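Order of the sequence lines sets the chain letters (A, B, ...), proteins ahead of strands, with each chain counted from 1.
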Amino acid sequence: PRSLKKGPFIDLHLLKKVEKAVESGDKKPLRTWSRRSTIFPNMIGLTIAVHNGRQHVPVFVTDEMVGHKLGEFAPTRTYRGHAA
Amino acid sequence: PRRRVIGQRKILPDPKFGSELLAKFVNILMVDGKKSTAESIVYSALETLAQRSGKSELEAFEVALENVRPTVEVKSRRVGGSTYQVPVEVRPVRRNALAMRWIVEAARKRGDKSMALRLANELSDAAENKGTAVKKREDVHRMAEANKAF
Amino acid sequence: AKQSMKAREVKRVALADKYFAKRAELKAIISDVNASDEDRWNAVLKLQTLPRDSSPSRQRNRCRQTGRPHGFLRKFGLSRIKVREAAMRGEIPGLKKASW
Amino acid sequence: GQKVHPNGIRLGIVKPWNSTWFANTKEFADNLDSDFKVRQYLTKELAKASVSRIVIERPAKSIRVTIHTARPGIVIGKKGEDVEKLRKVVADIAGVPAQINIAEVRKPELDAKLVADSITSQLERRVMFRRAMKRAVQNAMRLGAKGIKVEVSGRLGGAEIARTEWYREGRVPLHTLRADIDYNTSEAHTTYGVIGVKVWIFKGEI
Amino acid sequence: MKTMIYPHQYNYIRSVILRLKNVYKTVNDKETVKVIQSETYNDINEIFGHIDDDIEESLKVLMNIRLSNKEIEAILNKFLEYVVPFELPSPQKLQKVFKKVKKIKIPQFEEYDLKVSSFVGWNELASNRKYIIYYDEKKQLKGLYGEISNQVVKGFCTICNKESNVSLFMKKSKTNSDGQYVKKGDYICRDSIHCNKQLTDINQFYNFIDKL
RNA sequence: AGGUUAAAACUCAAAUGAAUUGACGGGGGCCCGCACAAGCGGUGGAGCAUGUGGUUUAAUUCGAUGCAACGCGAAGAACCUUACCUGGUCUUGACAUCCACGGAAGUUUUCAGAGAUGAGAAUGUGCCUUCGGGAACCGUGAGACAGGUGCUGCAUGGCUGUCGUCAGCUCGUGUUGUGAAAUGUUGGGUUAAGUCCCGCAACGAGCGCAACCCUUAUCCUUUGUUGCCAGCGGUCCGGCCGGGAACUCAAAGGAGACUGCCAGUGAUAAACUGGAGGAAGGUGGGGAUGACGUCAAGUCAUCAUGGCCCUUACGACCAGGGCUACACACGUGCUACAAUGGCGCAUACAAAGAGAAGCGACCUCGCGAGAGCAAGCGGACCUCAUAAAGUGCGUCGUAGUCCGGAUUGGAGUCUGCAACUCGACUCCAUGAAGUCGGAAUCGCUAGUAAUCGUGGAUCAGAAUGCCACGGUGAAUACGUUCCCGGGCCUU
Ligand SMILES: [K+]
Ligand SMILES: [K+]
Ligand SMILES: [K+]
Ligand SMILES: [K+]
Ligand SMILES: [K+]
Ligand SMILES: [K+]
Ligand SMILES: [K+]
Ligand SMILES: [K+]
Ligand SMILES: [K+]
Ligand SMILES: [K+]
Ligand SMILES: [K+]
Ligand SMILES: [K+]
Ligand SMILES: [Mg+2]
Ligand SMILES: [Mg+2]
Ligand SMILES: [Mg+2]
Ligand SMILES: [Mg+2]
Ligand SMILES: [Mg+2]
Ligand SMILES: [Mg+2]
Ligand SMILES: [Mg+2]
Ligand SMILES: [Mg+2]
Ligand SMILES: [Mg+2]
Ligand SMILES: [Mg+2]
Ligand SMILES: [Mg+2]
Ligand SMILES: [Mg+2]
């Protein structure tokens with residue numbers, strides 16, 4: 001994965017959004033296209049809607065989710081089974 | 001081929017025993033162009049054969065070959081709705097070629113740990129006419145005898 | 001290629017030249033072990049702000065005559081089809097059919 | 001089947017390169033692009049000049065362009081006015097000091113490019129394709145070509161089905177490398193579509 | 001495949017469905033209702049010719065006396081799918097049709113409108129004419145421009161045979177060398193789209209064209 | 001049994017005879033080709049890589065489909081690419097020309113927005129200059145127009161596959177035939193070859209064949225550093241140094257192979273067979289080179305182009321997604337199934353190639369991938385860069401293993417704005433199928449197959465593919481009865 005020397009990657013717009021939400025209080029789910037952004041400890045307790053390409057999927061950040069990209073919790077491809 | 005312009009290729013004699021016959025055998029035993037590996041196996045096998053035989057390696061090799069060598073073979077010929085196996089005399093060079101090939105095949109099929117051991121045991125069995133390679137020669141002769149009419 | 005596709009490439013080359021110095025500096029700050037973690041963090045965020053087209057990676061080599069995105073040769077700056085045509089006409093110096 | 005480009009195969013044997021300059025990989029592509037632009041400009045500007053071949057050389061930092069034309073005067077202009085105009089534009093395109101040399105082409109009937117350009121012009125003028133082809137063959141043989149071949153392909157005569165017709169006189173030995181074969185092609189843009197002309201001219205071995 | 005029906009046919013289907021339903025609303029005698037149910041059912045079947053399962057389902061809902069207007073709308077929407085839209089000519093082709101009128105301009109026509117358009121007509125204020133394009137029995141596109149009256153009066157429209165706000169439309173014959181010309185026309189709806197929706201018979205429009 | 005005499009309605013625009021050019025035959029003759037035979041190694045079974053079909057999907061972009069589609073266009077899809085989908089946007093416009101009008105261009109920054117972009121601020125304000133000005137380039141407004149990887153490869157050009165590097169295909173004139181046509185081009189020998197000779201109502205000619213071209217095998221001449229070190233001198237033992245131009249090698253120019261010589265055979269022929277010499281022998285080896293034509297074969301998505309269609313959208317811009325889906329079928333590969341091997345340690349012998357937004361040594365650090373530092377080298381100089389198989393020694397002992405390395409968990413490295421979907425690589429752990437593959441099927445005649453490594457293009461990164469380079473190095477060809485294809489003649 002990303003080098004440790006480089007540190008964790010997050011999109012600046014998301015970082016600002018998270019900080020604004022934390023200060024404000026409980027907020028309506030944040031809408032982001034930044035699937036690549038890593039989930040941070042500050043995000044815990046905030047619902048972030050991540051784009052799957054066709055729609056934003058609401059994701060409630062938890063402690064376990066920290067250290068993972070937001071994209072992992074939103075599925076891009078839809079499969080309901082072959083000949084199902 | 002149709003042109004029949006094929007010519008013989010020179011074969012260097014085996015270094016140790018100075019035999020072109022043994023050099024051919026190495027080439028038959030050789031796999032993936034690894035002549036040195038093949039040469040080591042042949043020389044090891046011959047030594048083991050010589051100790052048990054109490055004869056020179058080349059002499060012992062020749063005795064094994066003599067038993068395995070086939071005088072006559074059958075070539076298939078299609079006549080009408082059936083195919084006829086036709087007995088044909090084997091040329092002296094081919095006799096040697098078939099014998100060596102059969103011994104190598106026989107050695108490989110044996111369950112001894114090393115190829116050198118497998119080869120030596122097969123060569124010894126060939127000398128006493130108990131080898132699987134000798135059985136092939138017997139089978140080839142038997143088939144030819146049956147088809148003698150053709 | 002389409003005229004737009006050729007236009008896109010020109011923009012990407014232009015932006016890369018504009019921010020070449022800035023990008024190099026920022027990347028150096030992140031690379032340096034001695035640099036403070038705060039300094040690195042600020043640099044990372046700044047590099048994101050810079051236009052994506054500024055990145056040299058975004059630029060894709062195209063045939064200069066046709067703008068073809070595949071079969072490019074760096075030596076001639078042309079795709080295989082145009083290289084062949086020029087080679088036959090003798091427009092490419094020193095280039096001939098090779099047999100060995 | 002398909003055939004090798006006659007000039008391409010003979011390049012470095014009996015055929016010279018149009019561009020003869022040395023560059024490293026860094027500058028090789030840039031020179032090719034500049035050469036293309038210069039040739040493109042000159043061809044458009046000197047379309048009626050009966051230009052056959054443009055030789056681009058790059059001595060030192062300068063570019064020397066030699067233009068082979070059947071009609072040298074019209075390229076030169078009056079008191080070298082036209083050539084000077086060309087030089088200034090070429091220098092701008094090249095980005096380096098430019099020299100323009102004009103070379104007359106004698107026996108324009110024996111030049112493949114000039115023949116091809118003539119036929120295509122006639123086809124656009126709606127001259128019968130057969131007549132244009134035959135005359136070109138006849139003209140070259142009179143001028144002393146050892147052989148000539150002319151091929152015209154496309155919707156000939158505005159026919160819905162495209163066909164290829166070829167006329168050859170004398171020897172045209174394409175396989176012989178020492179044989180000097182002048183080859184060039186021209187496209188005729190008509191209301192029916194594109195008609196392609198190919199001309200081979202044999203000028204003797206070696 | 002889904003049945004294909006003309007726009008005028010769909011308008012008839014809508015009319016008969018509304019008529020059929022109104023019987024349920026008014027008529028108190030089941031016997032009389034039943035007679036009309038059968039008549040309408042046949043008429044809808046006749047237009048479709050072949051009825052698919054979707055049409056059959058709709059027909060079943062139609063047959064029920066408990067049919068509702070909301071249900072009718074849904075049934076109509078399904079029937080709209082069966083309808084085939086009017087084919088707009090290429091802009092070049094349109095100009096070829098209106099050779100006399102150089103640089104003729106066409107307004108954007110709604111896809112639904114096209115689907116329900118037996119004919120397409122547009123009015124230009126500067127022209128003071130109504131430009132009508134339609135496909136005849138031969139199915140050749142026919143384009144005609146005739147003067148439309150600025151005054152609007154309430155009367156039965158010739159094209160649709162329905163009382164509506166109508167403006168007199170006159171078509172001029174080709175001018176002779178003398179300069180004599182004959183204009184023949186009748187009152188028609190000012191809005192072509194409204195008239196199209198009103199029209200249930202393609203023949204009525206054809207008759208109007210014959211009069212011109 | 002039937003015979004004989006013998007209609008019509010109706011229907012078709014031909015039916016028919018002879019001969020001609022092809023094609024075809026489970027007709028004939030004669031040759032030939034990895035065609036068979038003779039061999040060697042595979043594929044079809046396993047796992048994995050990759051393409052395709054199908055299915056699925058918002059979309060899984062488009063094209064290629066017997067041989068001659070299927071590691072194909074694509075010499076390299078995270079974004080870009082991208083042509084597709086979803087959402088957010090723009091309409092003389094992302095890209096041109098023209099005109100009017102206002103601003104040098106630009107340079108640095110702020111906020112909002114996923115971004116596109118919009119609202120701002122600040123700083124420049126040049127260049128030419130008949131102090132009329134231009135044109136530099138930003139704008140803004142028209143409208144002619146732009147734009148389209150949109151459709152038709154069955155409208156086309158160009159280019160390509162294919163039969164097939166097969167030996168064919170033709171024309172002029174003459175002659176024959178009422179004519180389509182024939183002759184030449186057939187015949188006797190011969191060749192790899194319509195190659196050649198001889199004969200001959202043909203006489204000639206052209207395109208093919210061959211040769212001319214590149215490379216490899218031998219030698220000579222010139223040149224001698226960055227390459228070489230025979231004879232010397234000296235040594236730090238290293239061509240290392242002073243030297244030598246001998247040798248290797250570099251790369252320019254030459255020589256050499258011609259059936260030339262010799263013997264036999266053959267029609268006092270062409271030619272063939274053997275032999276000598278020679279580095280090389282009869283096409284010495286490899287390559288390039290592909291006739292007239294065939295398949296309305298492939299490509300309107302390289303490009304160009306007739307026609308058609310869209311033009312506030314079928315054009316253009318941005319973010320995210322997809323092209324990587326997965327009940328399944330197939331093509332092509334990679335790695336295995338071990339002991340002719342695995343592993344450990346020690347130790348030999350290449351060629352070819354690439355490099356400045358590059359190759360990067362040494363040294364230091366990390367288990368390692370790497371990191372830091374930093375030479376040299378635009379290169380016979382420096383770097384990539386380690387050849388591997390091999391060989392010696394030790395160990396394993398026929399086990400699903402000390403075989404195999406899929407899969408997965410954890411921890412990292414590097415490139416890149418960014419590796420979630422969806423990179424490569426490393427470390428630790430994990431340790432699947434597989435024990436040699438049904439019917440069937442493929443390649444190969446020698447430095448070949450097999451096997452072993454090495455490099456390059458594309459490319460930020462991303463090869464089991466592709467292209468190229470050396471190492472080691474076989475088996476077998478009796479032969480033409482048979483199978484298949486091809487050429488010529490005849491029917
Ligand atoms: K009759
Ligand atoms: K297999
Ligand atoms: K074509
Ligand atoms: K003739
Ligand atoms: K006759
Ligand atoms: K087109
Ligand atoms: K996948
Ligand atoms: K593979
Ligand atoms: K396979
Ligand atoms: K990735
Ligand atoms: K790379
Ligand atoms: K025949
Ligand atoms: Mg790229
Ligand atoms: Mg009777
Ligand atoms: Mg398999
Ligand atoms: Mg197609
Ligand atoms: Mg993409
Ligand atoms: Mg075609
Ligand atoms: Mg010939
Ligand atoms: Mg040749
Ligand atoms: Mg086709
Ligand atoms: Mg995108
Ligand atoms: Mg794909
Ligand atoms: Mg022949």
Side-chain angles (χ1 to χ4, degrees), chain A residues 1-4 9 11 13 32-36 51-55 68-84, chain B residues 1-4 6 9 27-38 41 77-78 88 91 94 97 113-115, chain C residues 1-4 6-8 11-12 23 33 47-48 50 52-60 63 65-74 79-82 97-100, chain D residues 1-4 9 13 24 26 153-155 160-162 168 170-173 175-179 185 187 189-196 205, chain E residues 90:
Chain A
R2 186 182 178 71
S3 298
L4 260 50
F9 172 83
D11 275 300
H13 55 260
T32 188
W33 290 259
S34 181
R35 303 171 60 72
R36 57 181 192 185
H51 199 40
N52 71 0
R54 60 168 168 181
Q55 60 213 358
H68 289 268
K69 308 315 198 72
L70 278 171
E72 294 177 59
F73 302 94
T76 61
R77 307 194 191 73
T78 304
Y79 180 74
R80 306 163 187 113
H82 265 90
Chain B
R2 301 177 176 293
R3 294 201 178 293
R4 297 159 50 185
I6 307 317
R9 182 178 293 116
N27 294 1
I28 298 182
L29 197 136
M30 170 174 52
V31 173
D32 304 353
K34 309 187 74 173
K35 183 166 294 190
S36 187
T37 302
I41 293 172
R77 231 72 172 182
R78 190 183 59 66
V88 292
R91 57 192 293 285
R94 184 178 169 67
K113 281 184 181 175
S114 63
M115 182 59 187
Chain C
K2 301 193 300 183
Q3 296 298 115
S4 57
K6 303 172 187 178
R8 287 179 183 178
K11 182 185 303 180
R12 290 179 181 124
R23 294 182 71 70
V33 181
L47 190 61
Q48 305 168 8
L50 299 181
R52 286 186 179 183
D53 290 2
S54 70
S55 183
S57 297
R58 306 272 292 187
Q59 302 164 237
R60 171 76 171 245
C63 174
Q65 293 179 186
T66 56
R68 198 183 184 244
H70 286 277
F72 176 88
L73 292 179
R74 288 170 181 231
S79 180
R80 52 189 185 68
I81 306 168
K82 288 310 177 186
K97 305 185 78 283
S99 48
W100 64 91
Chain D
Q2 283 65 240
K3 301 169 182 56
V4 66
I9 196 66
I13 311 178
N24 306 121
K26 176 182 176 182
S153 307
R155 302 169 62 185
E160 292 189 359
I161 306 182
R168 182 180 61 235
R171 284 169 46 65
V172 188
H175 277 76
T176 304
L177 296 164
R178 64 182 178 183
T185 59
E187 277 185 353
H189 297 270
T190 66
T191 58
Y192 291 97
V194 174
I195 294 177
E205 271 90 8
Chain E
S90 95

If the glycosidic angle is within 90 degrees of 0 it's syn, otherwise anti, so just tell me which one F:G410 is.
-> anti
How is C:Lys6 classified with respect to the nucleic acid when contacts are heavy atoms under 4.0 Å: base, sugar-phosphate, or nothing?
-> nothing
Please check the phosphate of F:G456 (OP1 and OP2 only) for any side-chain N or O of C:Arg74 closer than 4.0 Å.
-> no
Given the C1' atoms of F:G465 and F:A49, what is the spacing between them in whole Å?
-> 10 Å
Describe the nucleic acid contact of B:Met30 in one word from base, sugar-phosphate, nothing, applying a heavy-atom distance below 4.0 Å.
-> sugar-phosphate
Respond yes when some side-chain nitrogen or oxygen of B:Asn27 is under 4.0 Å from OP1 or OP2 of F:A475, and no when none is.
-> yes
Would you mind classifying the nucleic acid contact of C:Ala98 as base, sugar-phosphate or nothing, using non-hydrogen atoms under 4.0 angstrom?
-> nothing
Taking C1'-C2'-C3'-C4' positive as north and negative as south, where does F:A463 sit?
-> south
Could you classify F:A327 for me, syn or anti, using a glycosidic angle within 90° of 0 as syn?
-> syn
Take atom NE2 of D:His189 and atom P of F:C303, then tell me their distance rounded to the nearest Å.
-> 16 Å
Report yes if at least one side-chain N or O of C:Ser99 is closer than 4.0 Å to OP1 or OP2 of F:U215; otherwise report no.
-> no
First locate atom CG of C:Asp53, then atom CD of C:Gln59, and finally report the distance between them rounded to the nearest 0.5 Å.
-> 9.0 Å
Hey, do F:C229 and F:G243 pair up, Watson-Crick or G-U wobble, with both distances short of 3.5 Å?
-> yes
Hey, does the side chain of A:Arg2 come within less than 4.0 Å of F:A419's phosphate (OP1/OP2), counting only N and O?
-> yes
Can a donor-acceptor pair under 3.5 Å be found between the side-chain atoms of A:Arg35 and the base atoms of F:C420?
-> yes
For nucleotides 312-316 of chain F, list the nitrogen or oxygen atoms of the protein found under 3.5 Å from its nitrogen or oxygen atoms, one pair per line.
| residue | atom | partner | partner atom | Å |
| --- | --- | --- | --- | --- |
| F:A316 | OP1 | C:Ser4 | OG | 2.8 |
| F:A316 | OP2 | C:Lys2 | NZ | 3.1 |

Please determine if a side-chain N or O atom of C:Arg52 lies less than 4.0 Å away from the OP1 or OP2 oxygen of F:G416.
-> no
Base partner of F:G341, which must satisfy Watson-Crick or wobble distances under 3.5 Å = F:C396
Which part of the nucleic acid, if any, lies within contact of A:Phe73, taking any heavy atom under 4.0 Å across all strands shown: a base, the sugar-phosphate backbone alone, or nothing?
-> nothing
Under 4.0 Å between a side-chain N/O of B:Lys34 and OP1 or OP2 of F:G473, yes or no?
-> no
When all nucleic acid strands are considered with a 4.0 Å heavy-atom cut-off, which category describes B:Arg9: base, sugar-phosphate, or nothing?
-> base
Based on the glycosidic angle (syn within 90° of 0, else anti), state the conformation of F:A14.
-> anti
Would you say F:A77 has OP1 or OP2 under 4.0 Å from some side-chain N or O of C:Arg60?
-> yes
With a 4.0 Å cut-off on heavy atoms, is D:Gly154 in touch with a base, just the backbone sugar-phosphate, or nothing at all?
-> sugar-phosphate
Under the 5.5 Å and 30° test, is A:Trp33 stacked on the base of F:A319?
-> no
Comparing A:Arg54 and B:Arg78 on RNA chain F - which has the more 5′ nearest nucleotide | A:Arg54
So does C:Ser79 get a side-chain nitrogen or oxygen closer than 4.0 Å to the phosphate oxygens (OP1/OP2) of F:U302?
-> no
Could you tell me whether the side chain of C:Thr66 has a donor or acceptor atom within less than 3.5 Å of a complementary atom in the base of F:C303?
-> no
Residue-phosphate contact under 4.0 Å: A:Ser3 side-chain N/O, F:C414 OP1/OP2 | yes
Syn or anti for F:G453, with syn set at within 90° of 0?
-> anti
Taking only N and O in the side chain of A:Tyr79, is any of them less than 4.0 Å away from OP1 or OP2 of F:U60?
-> no
How would you label the contact of D:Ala162 with the nucleic acid (heavy atoms, under 4.0 Å): base, sugar-phosphate, or nothing?
-> sugar-phosphate
Taking syn as within 90° of 0 and anti otherwise, name the glycosidic form of F:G471.
-> anti
